[PDB]
Structure formats: C-alpha cells, structure tokens
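Asker: If you count the sequence shown from 1, position 51 lands on 50 in the deposited numbering, and the numbers rise without skipping.
All residues carry an ideal CB built from backbone N, CA and C; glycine is no exception.
Would you mind keeping the following structure in view while I ask a few things?
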Amino acid sequence: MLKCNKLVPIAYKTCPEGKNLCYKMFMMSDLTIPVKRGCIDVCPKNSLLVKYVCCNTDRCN
C-alpha cells in the first residue's frame, strides 16, 4: 500500500488496498503545476481537460 505525496515537504497519504500507483493531475490551464494527487491501481488515460501522470514509486507527485 504505497504512499502518495501531498503536503510538503514529504507529508503523504496512504494508498488504499488494491491500489499501487501514485498519480498527479494537470489542467489545460495549469500544466506547470499539478492540481490533484492521489492513488490508483490502473493509470487513468489522459483527457482533453486534465492530464494524468502516474508512477510506481512512493511520494513521486
């Protein structure tokens, strides 16, 4: 049950059972800085509105 990075510097949230990967979300507005981060098992495909980047590591995002 991996950890995803939320509050700086390191502060993290615990991924739910069955989930592994950590993702961050971008907006067509703010590409530079991601707007949401969390856990998921399967990395969500990119949308027109928001972009998804996942990692198989702890506190990447």
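Could you pull the DSSP bridge partners for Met-26 from this structure?
Answerer: Beta-bridge pairing links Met-26 to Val-49.
Asker: Classify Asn-60 as buried or exposed, calling it buried when 16 or more other Cβ atoms lie within 10 Å of its own Cβ.
Answerer: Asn-60 comes out buried.
Asker: Provide the residue(s) that pair with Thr-31 in DSSP beta bridges, ordered along the chain.
Answerer: According to DSSP, which records beta bridges pairwise, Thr-31 is partnered with nothing at all.
Asker: Run the CB neighbour count on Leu-20, radius 10 Å, all protein chains shown included, and call it buried at 16 or more, exposed below.
Answerer: Result: buried.
Asker: Decide if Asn-4 is buried, meaning its Cβ has at least 16 other Cβ atoms within 10 Å, or exposed.
Answerer: It is buried - the Cβ of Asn-4 has at least 16 other Cβ atoms within 10 Å.
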